[PDB]
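Visitor: Take this structure first; my questions come after.
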Amino acid sequence: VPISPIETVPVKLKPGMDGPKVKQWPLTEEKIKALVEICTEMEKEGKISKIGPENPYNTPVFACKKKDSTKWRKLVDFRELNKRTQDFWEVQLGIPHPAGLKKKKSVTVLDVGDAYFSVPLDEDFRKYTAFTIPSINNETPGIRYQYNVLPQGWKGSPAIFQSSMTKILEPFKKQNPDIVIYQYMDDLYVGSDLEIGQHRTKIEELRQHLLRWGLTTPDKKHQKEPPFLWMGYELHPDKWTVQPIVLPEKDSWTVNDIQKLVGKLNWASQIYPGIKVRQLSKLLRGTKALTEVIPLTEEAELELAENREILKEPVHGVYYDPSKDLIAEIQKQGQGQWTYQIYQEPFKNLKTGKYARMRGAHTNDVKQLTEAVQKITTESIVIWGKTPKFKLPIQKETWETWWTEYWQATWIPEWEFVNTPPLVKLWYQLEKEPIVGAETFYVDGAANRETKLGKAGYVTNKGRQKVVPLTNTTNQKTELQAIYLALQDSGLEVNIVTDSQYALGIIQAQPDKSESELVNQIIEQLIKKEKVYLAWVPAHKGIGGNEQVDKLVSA
Amino acid sequence: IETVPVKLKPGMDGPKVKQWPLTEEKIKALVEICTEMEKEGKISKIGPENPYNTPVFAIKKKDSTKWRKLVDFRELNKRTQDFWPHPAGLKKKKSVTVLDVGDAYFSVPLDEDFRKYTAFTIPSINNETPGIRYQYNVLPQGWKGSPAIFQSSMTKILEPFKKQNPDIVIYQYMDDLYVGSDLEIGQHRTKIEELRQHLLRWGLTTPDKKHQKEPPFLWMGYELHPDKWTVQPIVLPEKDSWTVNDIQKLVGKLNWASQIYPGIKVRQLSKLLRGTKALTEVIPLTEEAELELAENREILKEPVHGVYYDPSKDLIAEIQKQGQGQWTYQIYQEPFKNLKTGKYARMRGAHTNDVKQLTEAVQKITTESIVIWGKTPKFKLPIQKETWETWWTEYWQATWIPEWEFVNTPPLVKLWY
DNA sequence: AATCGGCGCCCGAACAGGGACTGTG
DNA sequence: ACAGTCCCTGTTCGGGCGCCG
């Protein structure tokens, strides 16, 4: 099969650069003999040309086993040439998802054999792809070659092959507007509504079209029968699922092992509902030693047991129907953890997922719910090109009181309430007006910049005062510590007056969880209270108890 | 027609901005538009060996069903070379109409050495196919340099009409032509149609709207009336009885306002709270405090003196969500020296869509800055970055895009409404 | 493991940026 | 004014998962 007659893509080096001059490291005899057999084959096939001393460049070469195959893959460590190669704009903007596939009468999955090795490389750039194959006998010099086609391991190869495949498919795609061709790298999901007889006729027209352009679709890689193995999925005619997930079983684990467990559990969460990884990811905090052994905590092991429990049963997804509404439903599983399912008909999920990102030092469930609604919205636009209808565990009046009282602009698209506990609630609410008959606390705090020691106290209208000394603190922490004192030493109704915008903006946002231990202690007090009014006054303006407590903590 | 040489500003590369996901509604509109643009030679396909990209999306035109392709040329405009008097009466006119004349740019070819920087990528639903990339061969809508290169041709087209109607003010900013007059609303719209037909003799204007008479909330950015724009004064409460809490809020408000108004005093007011009293305690105002308050009311009623626009300094706009569909905004160049303070209310998504509101408010504030100063302000948006980026394109209808940043503001701006 | 490329997602952390407060005459 | 410290956000990179060459 001749090299593709498609025109090469002009490639340049970065301005003021030269080619790579990296010496070839020694190779094992098993790989040397495999590289020689491969190279003499692809010189006859034209993919490779011999070069002489005029070429002053080189790049180390090796060969790894092809993924689940007996053939060897020829790879080159073009890390030095990639640094000197011009930048590209990658045209692969995402990964196709089965949940976005519509129903089709006839489906075929193709695969181009020796894909990159079919597309030629720009003639002027070929000199920089020089490599050397070291022979067995060290007395023989070894044969130097250059690349005539897209090498594997060059940074431009994926983009150029992707661009080249689209130009090759364009005439066939225009000649047949009703045939769906999902193009990812060299694998072609071909789908039509024709009868099985007329479909195989068009597949052969497509295979002949690709054969004329030097793109072979080998019969060993030609799938004509469901189930289809496509993009790591199993494509049954009316359902889709992920290829078998293998969770490792070990008595002791290391960072690497947890990192693999986290990844596969994420990869499974697209269709397995309920995967949790928060406690498993918590073990990755601080330790950068890759081979360090980590004892599983009680929460992490419990979490792994839960994941394995829902992973022993197979789950399947459904394909997309453009005529029916898109529906997404979210549930609050753990603290900071959410799961969602996108479906059209109930109990027939297209795909599932999870959101468990902590945005900010202080946040509440309503914020996280709105963050998960946004993540689902974007994901739906990529897969289906439209926004789904939402089913959220939050009362209509709960959200209404939040977005009307919050200073930032927040919105959730068309959604309906589902009574699936645990519900999303506002655990406390600050009063809009000062409470009559409630002790007024004037709080402040200070700290030294060098000593890091500080004070925090309050004064009241009933004459009650307090000042607490603090060690290893900041100005921001003492004004938070002062509010904590007022909440501790008061009844169920209290008026608090602070001079700290920092402390005021945290409390007014109604957080229910925080990365700060001190804030969580303040939150616990606010939920216990019945009425809390928080007021702000400018510091150093001779106002009320603020002046009295400022002198108490500044001394 | 030979092309004008264009360079980037010294030491800067072209834009490299990823394309964001688009709805099927928008992708189908873009593909239809671009397929026709490639046929007429206005754009052409490119590959990944062009390392530049600029985001593209589509907007539905004002009171129309047709789609307009909008390129986010903000990054390219920062990096494009600068080329080489603002009508103060345009803001004084009764009626001002905004005409999208961006289609005229597609008749002037672009410098070949520059076209690589106008590359954009059309995405595909579910990533069925890789992105199909195009670059521009003609002057693109939304580019900083298009009105400058076309400036010579624009004065030539308008000179006959401006001498036939010398009482009409015509300002140009990017793709849009701002046409102002003091005529009555009906005679004004006929003059606009007269200008549209005069342009048709040379270049095509946006297809007319489905309505000839102003429909409710569909000509917001189209037919604007500057002589009715009002500034929002800072006000103080009027109570018969004042509490300690009420006086503390007042002093804090006045002390902050003292950064904008020099004569604001709070001494006699703070004396009323010299104890350590309860917030609900009623405090009678002494004779000294009543005068200081009454004088602060006067200072806040008079406009600020000595605040003038500096054409070299950027404009900055801050918006505050006041609730009940009401939004306050301030436009300034230096802190506490506001060039304008306004208020917006009763916007679409009535009582429901906060993001649609903020997106509309940003457009009207920008519109006002183009009419008044001929610039666009950098916006400090009171919204989460991802909340905004998810939804803002769904409510945008302007041909320009202002720069913005996102801020988490303390809720002590209770000083504007 | 040595020993490659491009894309997407996740989670943890290094680095930068910006605003408020405070300390200096 | 000017320079710090504190705290917070956002960007980028390190690891992993998956696709494919």
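Identifiers in this document derive from the order of the structure tokens: chains are assigned A, B, ..., residues are numbered from 1 separately in each chain, and ligands are numbered from 1 in order of occurrence.
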Skipping near chain neighbours, those fewer than 5 positions away, what residues fall within 12 Å of residue 287 in chain A using only C-alpha atoms (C1' of nucleotides), listed as a VMD selection string?

Guide: (chain A and resid 254 to 256 258 281 to 282 292 to 294) or (chain C and resid 12 to 13) or (chain D and resid 15)

Visitor: Would you mind listing what lies within 10 Å of range 244-253 of chain A as a PDB file with N, CA and C atoms, in the first residue's frame, with only C-alpha atoms (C1' of nucleotides) counted and same-chain residues fewer than 2 positions away left out?

Guide:
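Just written: around34.pdb:
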```pdb
ATOM      1  N   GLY A 232     -13.279   2.231  24.588  1.00  0.00           N
ATOM      2  CA  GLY A 232     -13.309   1.642  25.909  1.00  0.00           C
ATOM      3  C   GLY A 232     -14.693   1.337  26.430  1.00  0.00           C
ATOM      4  N   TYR A 233     -15.700   1.338  25.562  1.00  0.00           N
ATOM      5  CA  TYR A 233     -17.066   1.004  25.934  1.00  0.00           C
ATOM      6  C   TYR A 233     -17.513  -0.253  25.195  1.00  0.00           C
ATOM      7  N   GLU A 234     -18.622  -0.819  25.660  1.00  0.00           N
ATOM      8  CA  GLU A 234     -19.300  -1.920  24.985  1.00  0.00           C
ATOM      9  C   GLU A 234     -20.618  -1.374  24.456  1.00  0.00           C
ATOM     10  N   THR A 241     -22.283   0.142  28.079  1.00  0.00           N
ATOM     11  CA  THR A 241     -21.633  -0.009  29.371  1.00  0.00           C
ATOM     12  C   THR A 241     -20.131   0.108  29.175  1.00  0.00           C
ATOM     13  N   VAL A 242     -19.428   0.217  30.286  1.00  0.00           N
ATOM     14  CA  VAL A 242     -17.980   0.378  30.300  1.00  0.00           C
ATOM     15  C   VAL A 242     -17.336  -1.003  30.310  1.00  0.00           C
ATOM     16  N   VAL A 255       0.940   5.329  47.756  1.00  0.00           N
ATOM     17  CA  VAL A 255       0.373   6.512  47.105  1.00  0.00           C
ATOM     18  C   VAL A 255      -0.015   6.192  45.668  1.00  0.00           C
ATOM     19  N   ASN A 256       0.923   5.623  44.903  1.00  0.00           N
ATOM     20  CA  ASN A 256       0.634   5.194  43.536  1.00  0.00           C
ATOM     21  C   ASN A 256      -0.627   4.354  43.461  1.00  0.00           C
ATOM     22  N   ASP A 257      -0.771   3.384  44.364  1.00  0.00           N
ATOM     23  CA  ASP A 257      -1.930   2.497  44.312  1.00  0.00           C
ATOM     24  C   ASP A 257      -3.226   3.259  44.562  1.00  0.00           C
ATOM     25  N   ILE A 258      -3.229   4.155  45.551  1.00  0.00           N
ATOM     26  CA  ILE A 258      -4.413   4.975  45.791  1.00  0.00           C
ATOM     27  C   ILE A 258      -4.706   5.845  44.573  1.00  0.00           C
ATOM     28  N   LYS A 260      -4.137   5.173  41.505  1.00  0.00           N
ATOM     29  CA  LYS A 260      -4.790   4.332  40.508  1.00  0.00           C
ATOM     30  C   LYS A 260      -6.224   4.017  40.915  1.00  0.00           C
ATOM     31  N   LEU A 261      -6.449   3.765  42.205  1.00  0.00           N
ATOM     32  CA  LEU A 261      -7.796   3.456  42.675  1.00  0.00           C
ATOM     33  C   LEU A 261      -8.731   4.646  42.495  1.00  0.00           C
ATOM     34  N   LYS A 264      -9.569   4.960  38.507  1.00  0.00           N
ATOM     35  CA  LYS A 264     -10.520   3.981  37.992  1.00  0.00           C
ATOM     36  C   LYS A 264     -11.912   4.194  38.569  1.00  0.00           C
ATOM     37  N   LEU A 265     -11.997   4.629  39.830  1.00  0.00           N
ATOM     38  CA  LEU A 265     -13.296   4.920  40.427  1.00  0.00           C
ATOM     39  C   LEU A 265     -13.940   6.142  39.783  1.00  0.00           C
ATOM     40  N   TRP A 267     -13.329   6.951  36.609  1.00  0.00           N
ATOM     41  CA  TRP A 267     -13.703   6.448  35.293  1.00  0.00           C
ATOM     42  C   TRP A 267     -14.976   5.617  35.358  1.00  0.00           C
ATOM     43  N   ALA A 268     -15.250   4.994  36.505  1.00  0.00           N
ATOM     44  CA  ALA A 268     -16.455   4.189  36.648  1.00  0.00           C
ATOM     45  C   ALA A 268     -17.689   5.021  36.971  1.00  0.00           C
ATOM     46  N   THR A 291       6.331   5.772  46.800  1.00  0.00           N
ATOM     47  CA  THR A 291       6.322   4.396  47.269  1.00  0.00           C
ATOM     48  C   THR A 291       6.077   4.290  48.770  1.00  0.00           C
ATOM     49  N   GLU A 292       5.606   5.360  49.404  1.00  0.00           N
ATOM     50  CA  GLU A 292       5.264   5.303  50.818  1.00  0.00           C
ATOM     51  C   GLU A 292       3.976   4.515  51.018  1.00  0.00           C
ATOM     52  N   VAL A 293       3.961   3.660  52.035  1.00  0.00           N
ATOM     53  CA  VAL A 293       2.784   2.865  52.370  1.00  0.00           C
ATOM     54  C   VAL A 293       1.888   3.680  53.295  1.00  0.00           C
ATOM     55  N   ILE A 294       0.586   3.653  53.027  1.00  0.00           N
ATOM     56  CA  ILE A 294      -0.399   4.422  53.775  1.00  0.00           C
ATOM     57  C   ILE A 294      -1.398   3.453  54.395  1.00  0.00           C
ATOM     58  N   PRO A 295      -1.601   3.485  55.712  1.00  0.00           N
ATOM     59  CA  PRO A 295      -2.671   2.679  56.312  1.00  0.00           C
ATOM     60  C   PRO A 295      -4.031   3.279  55.988  1.00  0.00           C
ATOM     61  N   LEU A 296      -4.958   2.426  55.561  1.00  0.00           N
ATOM     62  CA  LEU A 296      -6.294   2.892  55.221  1.00  0.00           C
ATOM     63  C   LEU A 296      -7.043   3.295  56.485  1.00  0.00           C
ATOM     64  N   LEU A 304     -14.222   2.455  50.337  1.00  0.00           N
ATOM     65  CA  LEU A 304     -13.862   1.451  49.337  1.00  0.00           C
ATOM     66  C   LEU A 304     -14.857   0.297  49.340  1.00  0.00           C
ATOM     67  N   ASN A 307     -17.868   1.348  47.421  1.00  0.00           N
ATOM     68  CA  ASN A 307     -17.655   1.386  45.979  1.00  0.00           C
ATOM     69  C   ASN A 307     -17.656  -0.019  45.391  1.00  0.00           C
ATOM     70  N   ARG A 308     -16.930  -0.945  46.025  1.00  0.00           N
ATOM     71  CA  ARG A 308     -16.928  -2.328  45.560  1.00  0.00           C
ATOM     72  C   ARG A 308     -18.318  -2.945  45.630  1.00  0.00           C
ATOM     73  N   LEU A 311     -20.141  -1.888  42.610  1.00  0.00           N
ATOM     74  CA  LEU A 311     -19.408  -2.225  41.397  1.00  0.00           C
ATOM     75  C   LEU A 311     -19.521  -3.694  41.016  1.00  0.00           C
ATOM     76  N   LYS A 312     -19.993  -4.552  41.922  1.00  0.00           N
ATOM     77  CA  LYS A 312     -20.168  -5.958  41.585  1.00  0.00           C
ATOM     78  C   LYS A 312     -21.375  -6.191  40.685  1.00  0.00           C
ATOM     79  N   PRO A 314     -23.570  -5.204  37.368  1.00  0.00           N
ATOM     80  CA  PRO A 314     -23.391  -4.437  36.131  1.00  0.00           C
ATOM     81  C   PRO A 314     -24.516  -3.438  35.913  1.00  0.00           C
TER      82      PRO A 314
END
```

Visitor: Find the residues of chain C in contact range of chain A, meaning any atom within 6 Å when counting only C-alpha atoms (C1' of nucleotides), and list them as a VMD selection string.

Guide: chain C and resid 4 to 8

Visitor: Give me, please, the distance in Å between CA of residue 316 in chain B and CA of residue 404 in chain A, quoted to one decimal.

Guide: 26.2 Å

Visitor: How far is it from CA of residue 515 in chain A to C1' of residue 8 in chain D, in Å with one decimal?

Guide: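 About the pair CA of residue 515 in chain A and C1' of residue 8 in chain D: they are 12.4 Å apart.
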
Visitor: Got a sec to pull out which chain B residues are within 12 Å of chain C, counting only C-alpha atoms (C1' of nucleotides), and send them as an NGL selection string?

Guide: :B and (48 or 126-127 or 130 or 405-410)

Visitor: Find the residues near residue 216 in chain A: any atom within 9 Å, counting only C-alpha atoms (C1' of nucleotides), skip ones fewer than 4 places away on the same chain, and give them as number ranges by chain.

Guide: A: 1, 111-115, 118, 207-208, 210-212

Visitor: Please measure the separation of CA of residue 447 in chain A and CA of residue 483 in chain A, giving the value in Å to one decimal.

Guide: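 These atoms are spaced 15.4 Å apart.
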
Visitor: Should the cut-off be 6 Å, what would the residue list for chain A against chain B look like, counting only C-alpha atoms, as number ranges by chain?

Guide: A: 87-89, 91-92, 94-96, 182-183, 381-383, 385-386, 407-409, 411, 436, 440, 461, 505, 537-538, 543-545

Visitor: Using the chain letters and numbers from this document, which residues of range 87-292 of chain B does DSSP assign to strand (DSSP E), as a short mmCIF file (atom, residue, chain, number, x, y, z; two decimals) with N, CA, C and O atoms, in the first residue's frame?

Guide:
```cif
data_model
loop_
_atom_site.label_atom_id
_atom_site.label_comp_id
_atom_site.auth_asym_id
_atom_site.auth_seq_id
_atom_site.Cartn_x
_atom_site.Cartn_y
_atom_site.Cartn_z
N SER B 95 -32.94 61.21 20.65
CA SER B 95 -32.94 59.82 20.22
C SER B 95 -31.61 59.48 19.56
O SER B 95 -31.05 60.29 18.81
N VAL B 96 -31.10 58.29 19.86
CA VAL B 96 -29.89 57.77 19.24
C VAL B 96 -30.12 56.31 18.86
O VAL B 96 -30.59 55.51 19.68
N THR B 97 -29.81 55.97 17.61
CA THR B 97 -30.06 54.64 17.07
C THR B 97 -28.74 53.98 16.70
O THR B 97 -27.85 54.61 16.11
N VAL B 98 -28.61 52.70 17.06
CA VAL B 98 -27.39 51.93 16.85
C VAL B 98 -27.60 51.04 15.64
O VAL B 98 -28.49 50.18 15.64
N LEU B 99 -26.77 51.22 14.61
CA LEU B 99 -26.86 50.43 13.39
C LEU B 99 -25.64 49.53 13.28
O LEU B 99 -24.50 50.00 13.39
N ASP B 100 -25.88 48.24 13.05
CA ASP B 100 -24.79 47.28 12.85
C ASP B 100 -24.36 47.34 11.39
O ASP B 100 -25.03 46.79 10.51
N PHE B 120 -10.09 30.77 14.09
CA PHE B 120 -11.07 30.32 15.06
C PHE B 120 -11.46 28.89 14.73
O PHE B 120 -11.23 28.40 13.63
N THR B 121 -12.06 28.22 15.71
CA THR B 121 -12.39 26.80 15.59
C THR B 121 -13.86 26.59 15.90
O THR B 121 -14.34 27.02 16.96
N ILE B 122 -14.57 25.94 14.99
CA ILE B 122 -15.97 25.60 15.19
C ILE B 122 -16.03 24.23 15.86
O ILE B 122 -15.49 23.26 15.30
N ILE B 132 -13.24 22.17 13.13
CA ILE B 132 -12.93 22.66 11.79
C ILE B 132 -12.49 24.12 11.92
O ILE B 132 -13.25 24.96 12.41
N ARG B 133 -11.26 24.41 11.49
CA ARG B 133 -10.64 25.70 11.73
C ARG B 133 -10.70 26.57 10.48
O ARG B 133 -10.50 26.08 9.37
N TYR B 134 -10.98 27.86 10.68
CA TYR B 134 -10.98 28.84 9.61
C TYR B 134 -10.12 30.03 10.00
O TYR B 134 -9.88 30.29 11.18
N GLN B 135 -9.67 30.77 8.99
CA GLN B 135 -9.07 32.07 9.20
C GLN B 135 -9.77 33.06 8.28
O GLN B 135 -10.50 32.68 7.37
N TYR B 136 -9.56 34.35 8.55
CA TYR B 136 -10.23 35.40 7.80
C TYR B 136 -9.37 35.89 6.65
O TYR B 136 -8.15 36.01 6.78
N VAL B 169 -26.10 63.80 14.40
CA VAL B 169 -24.78 63.41 14.88
C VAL B 169 -24.57 61.93 14.57
O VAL B 169 -25.44 61.10 14.87
N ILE B 170 -23.43 61.60 13.96
CA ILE B 170 -23.11 60.23 13.58
C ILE B 170 -21.75 59.87 14.18
O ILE B 170 -20.72 60.42 13.77
N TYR B 171 -21.76 58.96 15.15
CA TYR B 171 -20.56 58.43 15.78
C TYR B 171 -20.39 56.96 15.42
O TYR B 171 -21.38 56.23 15.28
N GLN B 172 -19.14 56.53 15.27
CA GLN B 172 -18.81 55.14 14.95
C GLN B 172 -17.95 54.54 16.04
O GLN B 172 -16.98 55.17 16.50
N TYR B 173 -18.29 53.32 16.45
CA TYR B 173 -17.49 52.55 17.40
C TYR B 173 -17.56 51.09 16.97
O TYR B 173 -18.62 50.46 17.07
N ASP B 176 -20.57 49.21 15.01
CA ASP B 176 -21.84 49.89 15.21
C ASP B 176 -21.73 51.36 14.84
O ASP B 176 -20.71 52.01 15.08
N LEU B 177 -22.80 51.87 14.24
CA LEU B 177 -22.92 53.28 13.88
C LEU B 177 -23.99 53.89 14.77
O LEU B 177 -25.14 53.42 14.78
N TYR B 178 -23.62 54.91 15.54
CA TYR B 178 -24.52 55.57 16.48
C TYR B 178 -25.04 56.85 15.84
O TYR B 178 -24.26 57.75 15.52
N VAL B 179 -26.36 56.93 15.65
CA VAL B 179 -26.99 58.00 14.90
C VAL B 179 -27.92 58.76 15.84
O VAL B 179 -28.93 58.21 16.30
N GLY B 180 -27.60 60.01 16.10
CA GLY B 180 -28.33 60.82 17.06
C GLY B 180 -28.96 62.04 16.42
O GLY B 180 -28.38 62.64 15.51
N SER B 181 -30.15 62.39 16.89
CA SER B 181 -30.88 63.55 16.39
C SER B 181 -31.80 64.06 17.49
O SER B 181 -32.07 63.38 18.48
N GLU B 223 -32.72 51.49 20.07
CA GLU B 223 -33.19 52.87 20.17
C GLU B 223 -33.00 53.34 21.61
O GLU B 223 -33.81 53.02 22.49
N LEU B 224 -31.94 54.10 21.84
CA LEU B 224 -31.63 54.61 23.16
C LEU B 224 -31.81 56.12 23.21
O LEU B 224 -31.56 56.83 22.23
#
```

Visitor: Among range 64-247 of chain A, which ones does DSSP place in helix (DSSP H, G or I), written as a PyMOL selection string?

Guide: chain A and resi 79-84+98-100+116-118+123-129+157-175+196-212+219-221

Visitor: Leaving out range 201-210 of chain B and any residue of its chain fewer than 6 positions from it, which residues lie within 9 Å of it when counting only C-alpha atoms (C1' of nucleotides), given as a ChimeraX atom specification?

Guide: /B:61-66,99-104,107,157

Visitor: Using C-alpha atoms, can you export the residues from the last selection as a short mmCIF file (atom, residue, chain, number, x, y, z; two decimals), in the first residue's frame?

Guide:
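What ended up in selection07.cif:
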```cif
data_model
loop_
_atom_site.label_atom_id
_atom_site.label_comp_id
_atom_site.auth_asym_id
_atom_site.auth_seq_id
_atom_site.Cartn_x
_atom_site.Cartn_y
_atom_site.Cartn_z
CA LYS B 61 -30.08 39.82 16.33
CA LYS B 62 -32.12 42.60 17.93
CA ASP B 63 -35.84 42.05 17.26
CA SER B 64 -35.07 39.56 14.51
CA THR B 65 -34.80 35.84 13.81
CA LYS B 66 -31.47 35.99 11.96
CA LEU B 99 -26.86 50.43 13.39
CA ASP B 100 -24.79 47.28 12.85
CA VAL B 101 -22.70 48.10 9.77
CA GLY B 102 -20.16 45.34 10.44
CA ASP B 103 -21.01 43.70 7.11
CA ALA B 104 -19.14 46.49 5.31
CA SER B 107 -15.51 43.90 1.33
CA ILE B 157 -19.96 57.19 2.26
#
```

Visitor: Pick out the chain D residues within 9 Å of chain A. Count only C-alpha atoms (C1' of nucleotides). Give them as a ChimeraX atom specification.

Guide: /D:5-9,15-21

Visitor: Since we have the selection now, will you write its residues out, keeping N, CA, C and O atoms (P, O5', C5', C4', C3', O3' and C1' of nucleotides), as an mmCIF file, in the first residue's frame?

Guide:
```
data_model
loop_
_atom_site.group_PDB
_atom_site.id
_atom_site.type_symbol
_atom_site.label_atom_id
_atom_site.label_comp_id
_atom_site.auth_asym_id
_atom_site.auth_seq_id
_atom_site.Cartn_x
_atom_site.Cartn_y
_atom_site.Cartn_z
ATOM 1 P P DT D 5 6.301 40.295 55.620
ATOM 2 O "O5'" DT D 5 4.833 39.966 56.138
ATOM 3 C "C5'" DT D 5 4.414 40.353 57.457
ATOM 4 C "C4'" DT D 5 2.921 40.174 57.588
ATOM 5 C "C3'" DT D 5 2.428 38.770 57.236
ATOM 6 O "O3'" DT D 5 1.633 38.284 58.318
ATOM 7 C "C1'" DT D 5 1.140 40.409 56.118
ATOM 8 P P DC D 6 1.291 36.738 58.435
ATOM 9 O "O5'" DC D 6 -0.289 36.722 58.271
ATOM 10 C "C5'" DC D 6 -1.071 37.840 58.719
ATOM 11 C "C4'" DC D 6 -2.417 37.825 58.039
ATOM 12 C "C3'" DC D 6 -2.902 36.430 57.640
ATOM 13 O "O3'" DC D 6 -4.162 36.122 58.270
ATOM 14 C "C1'" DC D 6 -3.078 37.945 55.814
ATOM 15 P P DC D 7 -4.860 34.643 58.167
ATOM 16 O "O5'" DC D 7 -5.736 34.733 56.836
ATOM 17 C "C5'" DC D 7 -6.687 35.770 56.701
ATOM 18 C "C4'" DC D 7 -7.328 35.744 55.329
ATOM 19 C "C3'" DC D 7 -7.705 34.356 54.809
ATOM 20 O "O3'" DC D 7 -9.051 34.372 54.398
ATOM 21 C "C1'" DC D 7 -6.524 35.574 53.167
ATOM 22 P P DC D 8 -9.932 33.015 54.252
ATOM 23 O "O5'" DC D 8 -10.324 33.018 52.708
ATOM 24 C "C5'" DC D 8 -10.994 34.154 52.130
ATOM 25 C "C4'" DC D 8 -10.535 34.379 50.708
ATOM 26 C "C3'" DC D 8 -10.660 33.172 49.785
ATOM 27 O "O3'" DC D 8 -11.945 33.100 49.142
ATOM 28 C "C1'" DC D 8 -8.684 34.501 49.344
ATOM 29 P P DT D 9 -12.336 31.854 48.159
ATOM 30 O "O5'" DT D 9 -11.777 32.309 46.731
ATOM 31 C "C5'" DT D 9 -12.190 33.540 46.172
ATOM 32 C "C4'" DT D 9 -11.421 33.811 44.901
ATOM 33 C "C3'" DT D 9 -11.536 32.703 43.857
ATOM 34 O "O3'" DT D 9 -12.058 33.216 42.643
ATOM 35 C "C1'" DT D 9 -9.243 33.286 44.247
ATOM 36 P P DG D 15 4.495 13.310 37.140
ATOM 37 O "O5'" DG D 15 3.268 12.511 37.800
ATOM 38 C "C5'" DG D 15 3.437 11.874 39.063
ATOM 39 C "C4'" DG D 15 2.104 11.463 39.677
ATOM 40 C "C3'" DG D 15 1.229 10.570 38.823
ATOM 41 O "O3'" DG D 15 1.673 9.221 38.890
ATOM 42 C "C1'" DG D 15 -0.095 12.251 39.824
ATOM 43 P P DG D 16 1.358 8.208 37.683
ATOM 44 O "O5'" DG D 16 -0.235 8.059 37.698
ATOM 45 C "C5'" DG D 16 -0.853 7.242 38.674
ATOM 46 C "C4'" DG D 16 -2.353 7.485 38.729
ATOM 47 C "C3'" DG D 16 -3.140 7.017 37.526
ATOM 48 O "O3'" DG D 16 -3.360 5.625 37.585
ATOM 49 C "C1'" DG D 16 -3.900 9.148 38.183
ATOM 50 P P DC D 17 -3.466 4.782 36.223
ATOM 51 O "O5'" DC D 17 -4.950 5.067 35.699
ATOM 52 C "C5'" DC D 17 -6.058 4.651 36.478
ATOM 53 C "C4'" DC D 17 -7.350 5.181 35.897
ATOM 54 C "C3'" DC D 17 -7.551 4.891 34.425
ATOM 55 O "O3'" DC D 17 -8.082 3.598 34.246
ATOM 56 C "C1'" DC D 17 -8.035 7.164 34.850
ATOM 57 P P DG D 18 -7.660 2.725 32.975
ATOM 58 O "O5'" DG D 18 -8.320 3.504 31.761
ATOM 59 C "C5'" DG D 18 -9.741 3.518 31.638
ATOM 60 C "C4'" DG D 18 -10.171 4.544 30.620
ATOM 61 C "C3'" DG D 18 -9.536 4.410 29.252
ATOM 62 O "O3'" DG D 18 -10.021 3.286 28.520
ATOM 63 C "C1'" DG D 18 -9.633 6.674 29.851
ATOM 64 P P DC D 19 -9.122 2.607 27.382
ATOM 65 O "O5'" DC D 19 -9.232 3.641 26.173
ATOM 66 C "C5'" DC D 19 -10.512 4.003 25.686
ATOM 67 C "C4'" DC D 19 -10.402 5.089 24.638
ATOM 68 C "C3'" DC D 19 -9.410 4.802 23.531
ATOM 69 O "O3'" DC D 19 -9.996 3.965 22.550
ATOM 70 C "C1'" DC D 19 -9.131 7.020 24.297
ATOM 71 P P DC D 20 -9.131 2.783 21.895
ATOM 72 O "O5'" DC D 20 -8.062 3.559 20.996
ATOM 73 C "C5'" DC D 20 -8.518 4.343 19.907
ATOM 74 C "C4'" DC D 20 -7.435 5.274 19.416
ATOM 75 C "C3'" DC D 20 -6.133 4.601 19.066
ATOM 76 O "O3'" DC D 20 -6.187 3.930 17.784
ATOM 77 C "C1'" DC D 20 -5.692 6.575 20.301
ATOM 78 P P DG D 21 -4.949 2.983 17.389
ATOM 79 O "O5'" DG D 21 -3.745 3.997 17.078
ATOM 80 C "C5'" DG D 21 -3.831 4.904 15.974
ATOM 81 C "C4'" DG D 21 -2.638 5.844 15.949
ATOM 82 C "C3'" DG D 21 -1.300 5.172 15.686
ATOM 83 O "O3'" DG D 21 -1.065 5.087 14.284
ATOM 84 C "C1'" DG D 21 -1.120 6.651 17.547
#
```

Visitor: Just checking: using only C-alpha atoms, which residue out of B:300, B:149, B:37, B:285 ends up closest to residue 257 in chain B?

Guide: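 Ranking B:300, B:149, B:37, B:285 by distance to residue 257 in chain B, first place goes to B:300.
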
Visitor: When you look at residue 229 in chain B with a cut-off of 10 Å (counting only C-alpha atoms (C1' of nucleotides)), what residues show up, excluding the ones that are within fewer than 6 positions of it in the same chain? I need them as a PyMOL selection string.

Guide: chain B and resi 91-92+342-343+368
